[PDB]
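Engineer: This is the structure, below, for whatever I ask next.
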Amino acid sequence: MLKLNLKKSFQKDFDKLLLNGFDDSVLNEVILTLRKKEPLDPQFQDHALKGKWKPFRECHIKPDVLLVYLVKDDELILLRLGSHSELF
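Going by the authors' numbering, the first residue of the sequence shown is number 1, and it counts up by one from there.
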(Lines of atoms letter the chains of each structure in order from A and count residues from 1; the text may use other names and numbers.)
(Lines give C-alpha, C1' and ligand atoms only; values in the text may rest on other atoms or scores of the structure.)
Protein backbone atom coordinates (compact mmCIF):
# COMPACT_ATOMS: atom_id res chain seq x y z
CA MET A 1 0.00 0.00 0.00
CA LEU A 2 0.94 3.67 -0.30
CA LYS A 3 3.30 5.27 2.22
CA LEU A 4 2.08 7.02 5.37
CA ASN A 5 3.44 10.08 7.17
CA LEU A 6 2.71 12.24 10.22
CA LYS A 7 2.96 15.97 10.89
CA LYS A 8 3.43 17.97 14.09
CA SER A 9 -0.31 18.65 14.04
CA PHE A 10 -1.48 15.04 13.73
CA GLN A 11 1.11 14.08 16.35
CA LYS A 12 -0.54 16.34 18.93
CA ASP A 13 -4.03 15.79 17.48
CA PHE A 14 -3.75 12.01 17.80
CA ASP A 15 -2.54 11.17 21.30
CA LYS A 16 -2.45 14.72 22.70
CA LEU A 17 -6.07 15.27 21.68
CA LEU A 18 -7.32 12.04 23.24
CA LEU A 19 -6.49 13.31 26.73
CA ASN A 20 -7.63 16.81 25.72
CA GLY A 21 -11.29 15.96 26.19
CA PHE A 22 -11.50 13.75 23.12
CA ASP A 23 -13.43 10.47 23.03
CA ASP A 24 -10.62 7.93 22.69
CA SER A 25 -13.31 5.25 22.33
CA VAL A 26 -14.18 6.52 18.85
CA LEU A 27 -10.56 6.63 17.67
CA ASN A 28 -10.28 2.85 18.02
CA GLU A 29 -12.72 2.69 15.10
CA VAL A 30 -11.06 5.18 12.75
CA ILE A 31 -7.47 4.37 13.74
CA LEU A 32 -8.41 0.71 13.21
CA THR A 33 -9.19 1.22 9.52
CA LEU A 34 -6.13 3.37 8.78
CA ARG A 35 -3.63 1.43 10.91
CA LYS A 36 -4.68 -1.92 9.42
CA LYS A 37 -4.50 -1.69 5.61
CA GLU A 38 -8.03 -0.71 4.52
CA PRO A 39 -7.67 2.49 2.42
CA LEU A 40 -10.18 5.34 2.61
CA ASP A 41 -13.16 5.08 0.27
CA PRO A 42 -14.30 7.82 -2.18
CA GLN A 43 -17.70 7.81 -0.47
CA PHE A 44 -16.18 9.68 2.48
CA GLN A 45 -16.42 13.00 0.61
CA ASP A 46 -12.63 13.06 0.44
CA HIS A 47 -11.36 16.09 -1.48
CA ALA A 48 -9.82 19.56 -1.24
CA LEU A 49 -11.23 21.83 1.48
CA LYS A 50 -12.27 25.46 1.05
CA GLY A 51 -10.68 28.62 2.40
CA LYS A 52 -7.18 28.59 3.86
CA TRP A 53 -7.20 24.78 3.72
CA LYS A 54 -7.02 24.73 -0.08
CA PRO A 55 -3.66 22.89 -0.35
CA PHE A 56 -4.98 19.97 1.72
CA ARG A 57 -7.41 17.05 1.68
CA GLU A 58 -10.16 16.18 4.16
CA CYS A 59 -11.92 12.90 4.92
CA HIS A 60 -14.44 12.03 7.62
CA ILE A 61 -13.68 8.36 8.29
CA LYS A 62 -16.47 8.57 10.87
CA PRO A 63 -19.63 10.70 11.42
CA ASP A 64 -17.68 12.41 14.21
CA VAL A 65 -14.15 12.39 12.78
CA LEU A 66 -12.26 14.52 10.26
CA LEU A 67 -8.72 13.37 9.47
CA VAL A 68 -6.69 15.64 7.19
CA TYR A 69 -3.91 14.36 4.94
CA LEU A 70 -2.00 15.10 1.73
CA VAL A 71 -1.46 13.07 -1.44
CA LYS A 72 2.20 12.80 -2.45
CA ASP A 73 3.94 10.94 -5.28
CA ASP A 74 3.14 7.31 -4.46
CA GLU A 75 3.20 8.42 -0.82
CA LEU A 76 0.61 9.66 1.68
CA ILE A 77 1.09 12.03 4.61
CA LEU A 78 -1.15 12.61 7.64
CA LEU A 79 -1.86 16.28 8.36
CA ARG A 80 -4.06 16.50 11.45
CA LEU A 81 -7.16 15.09 13.15
CA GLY A 82 -10.36 16.85 14.18
CA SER A 83 -14.10 16.52 14.74
CA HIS A 84 -17.32 18.13 13.50
CA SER A 85 -17.35 20.13 16.74
CA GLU A 86 -13.60 20.74 16.75
CA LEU A 87 -12.73 21.84 13.21
CA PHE A 88 -15.87 23.97 13.40
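We put the beta carbon where it would ideally sit given N, CA and C, even for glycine.
(1) When we look at the beta-carbon of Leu67 and count the other beta-carbons within 10 Å, is it buried (16 or more) or exposed?
(2) Determine the DSSP secondary structure at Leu66, reduced to helix, strand or coil.
(3) Checking the sheet assignment: what are the DSSP bridge partners for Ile77?
(4) For the stretch 32–39 against the stretch 11–22, are there 3 or more C-beta pairs whose distance is under 8 Å?
(5) Could you please give the first and the last residue of the uninterrupted alpha helix (DSSP H) stretch that includes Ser9?
(6) DSSP three-state call for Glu58: helix, strand or coil?
Structural biologist: Taking the geometry as given:
(1) Taking the first residue of the sequence shown as position 1, residue 67 is located at position 67. The residue is buried, with at least 16 neighbouring Cβ atoms inside 10 Å.
(2) If you number the sequence shown from 1, residue 66 lands on position 66. In the structure shown, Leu66 sits in a strand (DSSP, three-state: E or B).
(3) In the sequence shown, the residue the question calls residue 77 occupies position 77. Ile77 is bridged to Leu70.
(4) no
(5) Counted from its first residue, the sequence shown places residue 9 at position 9. Segment 8–18, the alpha helix (DSSP H) holding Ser9.
(6) Position 58 of the sequence shown, counting from 1, holds the residue named residue 58. Three-state DSSP puts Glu58 in a strand.
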